[PDB]
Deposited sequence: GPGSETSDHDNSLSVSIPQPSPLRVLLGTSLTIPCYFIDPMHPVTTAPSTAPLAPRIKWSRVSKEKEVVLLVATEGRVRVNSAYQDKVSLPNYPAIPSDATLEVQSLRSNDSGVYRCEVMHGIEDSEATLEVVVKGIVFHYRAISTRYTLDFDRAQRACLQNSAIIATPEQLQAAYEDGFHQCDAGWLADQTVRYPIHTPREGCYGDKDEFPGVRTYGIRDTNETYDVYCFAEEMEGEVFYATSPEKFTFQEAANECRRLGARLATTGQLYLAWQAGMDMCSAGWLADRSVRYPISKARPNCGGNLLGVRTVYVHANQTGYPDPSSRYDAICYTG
């Protein structure tokens, strides 16, 4: 008689802490998560002891077990996008066993943003407006830490909502060592004066509409792309909306204009000729050091948003 007294699905933000109450009426508690075609066992508990999946140590626990033997409440800390899925609370008592499920959707995505004024040109105030102009708000360290645990690697320092300047690193290297040297993790410069200029990390929570490509035989200049999205009853998508679209699996091997006068394209399948065997939002720059948005007269597709 296992029950989870919560409506499904449950939608929570990236970087927060989750609590799934599970009650039931010597028993063996087993928590699992079903995401795509895979299933992961989070923890197993019996006789007052909790064995936790090695990769989820300190992240998941039973805060009320075994102090209350019939309370299998699960707590998940530092919610990532890969912590989304169908959570199963399973209890066994001898040959008997029942279960309850709850689908959890972790909303949001963190992305690095280099502005049209180019590298390290955003002070704390302009770092905040760049996110607002891209369907997002400046990210918190908790959100950046969660994105790093999802594999985010970016060797560009950027402002954060707590007036710190950080960047996440998985593969330490000359130029990306920071304060942490060869150990992986999110580097930090500490709290910085607001007049200092860096990039920024933005957190896009959600979007109501859909992102789609609009093209033509001879492509579009930036202003022609803006008119084409308008003609179709839409508008140019922002960088934040493209990242959310990519997160939902959008793939298009063609660069296109965005509302911030940038040129990007999403890649969800790693091919050599499309994205260079990399996944994510690829940005086209003028100079090889990833500086300078393309000239507005350059011809690209239009990335629209309903």
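Sequence ranges 1-13, 39-53, 335 have no coordinates in this entry (deposited sequence, numbered from 1, C-alpha basis).
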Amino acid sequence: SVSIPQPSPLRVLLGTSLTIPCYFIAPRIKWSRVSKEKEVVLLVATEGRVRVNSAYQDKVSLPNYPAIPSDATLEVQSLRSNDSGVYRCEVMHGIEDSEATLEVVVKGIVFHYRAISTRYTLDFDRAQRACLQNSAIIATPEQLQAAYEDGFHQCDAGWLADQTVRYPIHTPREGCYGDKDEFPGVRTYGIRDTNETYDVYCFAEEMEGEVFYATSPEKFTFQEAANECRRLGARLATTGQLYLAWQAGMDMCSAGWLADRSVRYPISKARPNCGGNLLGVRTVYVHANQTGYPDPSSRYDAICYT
From here on, numbers count along this sequence of modelled residues.
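Look at the mean CA B-factor for 263-271 and for 40-48 in the entry; the higher one is 40-48. Comparing the deposited coordinates for 169-177 and 97-105, the stretch with the larger average C-alpha B-factor is 97-105. Note on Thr283, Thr16, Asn289, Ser297: the highest value goes to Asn289, judged by CA B factor as recorded.
Considering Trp257, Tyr56, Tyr65, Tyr243 together, the PDB entry gives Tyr65 the largest C-alpha B factor. When the modelled residues of the chain are ordered by their C-alpha B factor, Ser70 lands in the highest third. The PDB entry assigns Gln247 a C-alpha temperature factor belonging to the middle third of its chain's modelled residues.
When the modelled residues of the chain are ordered by C-alpha B-factor, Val91 sits in the highest third. Among the modelled residues of its chain, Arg192 has a C-alpha B-factor that falls in the middle third according to the deposited record.
Per the PDB record, residue ranking by Cα B-factor puts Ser61 in the middle third of the chain.
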